[PDB]
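Since the structure comes first, as structure tokens, the remarks are kept for the end.
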Amino acid sequence: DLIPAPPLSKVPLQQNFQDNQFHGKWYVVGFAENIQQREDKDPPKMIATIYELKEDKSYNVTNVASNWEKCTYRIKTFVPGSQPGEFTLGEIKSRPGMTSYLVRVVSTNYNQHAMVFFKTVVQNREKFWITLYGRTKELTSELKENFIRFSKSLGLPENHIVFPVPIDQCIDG
Ligand SMILES: O=C(CC(O)(CC(=O)NCCCCNCCCNC(=O)c1ccc(O)c(O)c1)C(=O)O)NCCCCNCCCNC(=O)c1ccc(O)c(O)c1
Ligand SMILES: [Ga+3]
């Protein structure tokens with residue numbers, strides 16, 4: 001029953017993607033995925049994803065998160081794909097059984113919010129998710145509604161949609 005990925009042609013790409021303007025810290029204020037919202041857990045803590053543009057035009061991507069022990073810094077590379085705003089994972093060989101990792105910036109105004117679509121295939125199991133990014137940790141009802149609406153348009157119902165809890169530890173860095 002795991003929810004199938006939509007066809008990539010149904011996933012918008014941000015027109016005229018500006019990689020310099022997309023840089024820096026985004027708070028992951030919402031997310032939806034085909035796999036789960038788990039189902040035996042308190043609501044998750046917010047993470048930050050930091051996009052640093054390298055000289056070769058790929059992104060160094062740092063996920064900053066809080067766990068009971070400490071702040072974690074998980075780093076990967078987004079290499080440009082065929083169109084501005086599309087990426088694939090540099091370190092794909094480091095993911096056992098992974099044959100594909102695709103990123104598509106669906107929309108953004110650069111200084112406030114973004115939505116990013118992700119898709120992965122690992123031993124022929126397809127996973128996809130959408131993140132709602134904010135330059136601030138709080139966002140308007142307006143944006144939360146757009147995101148919910150977008151998620152549903154990709155076949156993700158409301159019980160697959162999660163709004164992480166803002167924290168100060170780790171992600172204020
Ligand atoms: O196999 C995976 C899954 C995946 O490749 C992709 C995946 O399925 N992501 C699911 C994210 C669902 C949304 N979660 C809630 C929202 C907050 N998270 C994100 O926005 C987000 C977005 C993208 C990510 O890849 C990610 O990890 C998280 C991934 O990188 O997470 N991860 C483990 C990789 C192990 C690498 N070898 C061990 C070294 C230690 N790990 C890392 O350094 C590292 C670095 C960057 C990573 O993204 C990472 O997951 C691990
Ligand atoms: Ga990861």
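Each chain in the structure tokens gets a letter, A, B and so on, in the order shown; residues start at 1 in every chain, and ligands are counted from 1 in the order they appear.
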
Exercise. List every residue of region 17-109 of chain A that DSSP, applied to the backbone of this structure, places in strand (DSSP E), and write the result as a PyMOL selection string.
Key: chain A and resi 24-33+48-53+59-66+71-80+86-89+98-108

Print the selection's residues with C-alpha atoms to a file, as a JSON list (two decimals), in the first residue's frame.
[["chain", "number", "residue", "atom", "x", "y", "z"],
["A", 24, "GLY", "CA", 22.29, 29.31, 3.85],
["A", 25, "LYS", "CA", 20.10, 28.02, 6.61],
["A", 26, "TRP", "CA", 16.61, 26.68, 6.09],
["A", 27, "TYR", "CA", 14.52, 25.37, 8.98],
["A", 28, "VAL", "CA", 12.51, 22.28, 8.08],
["A", 29, "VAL", "CA", 9.17, 23.60, 9.35],
["A", 30, "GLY", "CA", 7.11, 20.82, 7.73],
["A", 31, "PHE", "CA", 7.55, 17.54, 5.89],
["A", 32, "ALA", "CA", 5.48, 14.80, 4.27],
["A", 33, "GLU", "CA", 6.64, 11.37, 3.14],
["A", 48, "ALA", "CA", 18.07, 22.92, 10.00],
["A", 49, "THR", "CA", 19.46, 22.27, 6.53],
["A", 50, "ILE", "CA", 22.30, 24.56, 5.46],
["A", 51, "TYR", "CA", 23.09, 24.92, 1.73],
["A", 52, "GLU", "CA", 26.63, 26.14, 0.99],
["A", 53, "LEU", "CA", 27.37, 26.74, -2.72],
["A", 59, "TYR", "CA", 25.95, 22.31, -2.71],
["A", 60, "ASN", "CA", 27.54, 21.16, 0.49],
["A", 61, "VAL", "CA", 24.38, 20.23, 2.44],
["A", 62, "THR", "CA", 24.55, 20.06, 6.25],
["A", 63, "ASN", "CA", 21.67, 18.66, 8.33],
["A", 64, "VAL", "CA", 21.92, 20.06, 11.91],
["A", 65, "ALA", "CA", 19.88, 18.17, 14.52],
["A", 66, "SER", "CA", 19.49, 17.72, 18.24],
["A", 71, "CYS", "CA", 24.09, 18.21, 18.09],
["A", 72, "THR", "CA", 24.77, 16.18, 14.92],
["A", 73, "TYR", "CA", 26.11, 17.50, 11.61],
["A", 74, "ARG", "CA", 25.28, 15.17, 8.70],
["A", 75, "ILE", "CA", 26.92, 16.35, 5.49],
["A", 76, "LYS", "CA", 26.25, 15.38, 1.84],
["A", 77, "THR", "CA", 26.70, 16.88, -1.66],
["A", 78, "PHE", "CA", 23.94, 17.93, -4.05],
["A", 79, "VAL", "CA", 25.37, 17.83, -7.59],
["A", 80, "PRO", "CA", 23.44, 19.82, -10.27],
["A", 86, "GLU", "CA", 17.46, 19.70, -9.75],
["A", 87, "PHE", "CA", 20.18, 17.77, -7.95],
["A", 88, "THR", "CA", 21.42, 14.26, -7.35],
["A", 89, "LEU", "CA", 23.46, 12.95, -4.41],
["A", 98, "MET", "CA", 20.77, 2.98, -3.48],
["A", 99, "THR", "CA", 20.51, 3.45, -7.27],
["A", 100, "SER", "CA", 18.96, 6.96, -7.25],
["A", 101, "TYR", "CA", 18.62, 10.10, -5.07],
["A", 102, "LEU", "CA", 16.89, 13.04, -6.73],
["A", 103, "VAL", "CA", 16.17, 16.54, -5.43],
["A", 104, "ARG", "CA", 13.85, 19.08, -7.04],
["A", 105, "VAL", "CA", 13.25, 22.60, -5.64],
["A", 106, "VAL", "CA", 9.52, 22.86, -6.28],
["A", 107, "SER", "CA", 9.14, 26.53, -5.32],
["A", 108, "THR", "CA", 10.81, 29.25, -3.27]]

Exercise. Kindly indicate which residue among A:46, A:5, A:13, A:165 lies nearest to ligand 1, using only C-alpha atoms and all ligand atoms for the distances.
Key: A:46

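CA of residue 4 (chain A) is found 26.2 Å from CA of residue 113 (chain A).
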
Quiz item: Quick one: of A:109, A:131, A:21, A:36, who's nearest to ligand 1, counting only C-alpha atoms and all ligand atoms?
Solution: A:131

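Note that the spacing between CA of residue 11 (chain A) and atom 50 (O, counted along the ligand's line) of ligand 1 amounts to 22.8 Å.
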
Practice problem: May I have all residues of chain A that DSSP, computed from the backbone, assigns to helix (DSSP H, G or I), given as a VMD selection string? | Solution: chain A and resid 8 to 10 92 to 94 141 to 153 158 to 160

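The interatomic distance for the pair atom 24 (C, counted along the ligand's line) of ligand 1 and CA of residue 129 (chain A) works out to 9.3 Å.
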
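Using only C-alpha atoms and all ligand atoms, the shortest contact distance between ligand 1 and any of A:144, A:45, A:152, A:57 is found at A:45.
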
Exercise. Please identify all polymer residues within 10 Å of residue 1 (chain A), counting only C-alpha atoms, omitting same-chain residues fewer than 2 positions from it, and present them as JSON, numbers by chain.
Key: {"A": [3, 4, 34, 35]}

Residues as selected, N, CA and C atoms, written as a PDB file, in the first residue's frame, can you do that?
ATOM      1  N   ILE A   3       2.674   4.516  -0.587  1.00  0.00           N
ATOM      2  CA  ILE A   3       2.108   5.445  -1.552  1.00  0.00           C
ATOM      3  C   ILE A   3       3.093   5.635  -2.700  1.00  0.00           C
ATOM      4  N   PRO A   4       2.691   5.398  -3.972  1.00  0.00           N
ATOM      5  CA  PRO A   4       3.605   5.502  -5.103  1.00  0.00           C
ATOM      6  C   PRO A   4       4.035   6.949  -5.353  1.00  0.00           C
ATOM      7  N   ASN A  34       6.034   9.326   1.992  1.00  0.00           N
ATOM      8  CA  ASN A  34       5.168   8.224   1.574  1.00  0.00           C
ATOM      9  C   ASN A  34       5.284   7.057   2.558  1.00  0.00           C
ATOM     10  N   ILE A  35       6.369   7.029   3.336  1.00  0.00           N
ATOM     11  CA  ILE A  35       6.685   5.932   4.218  1.00  0.00           C
ATOM     12  C   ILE A  35       5.855   6.051   5.506  1.00  0.00           C
TER      13      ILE A  35
END
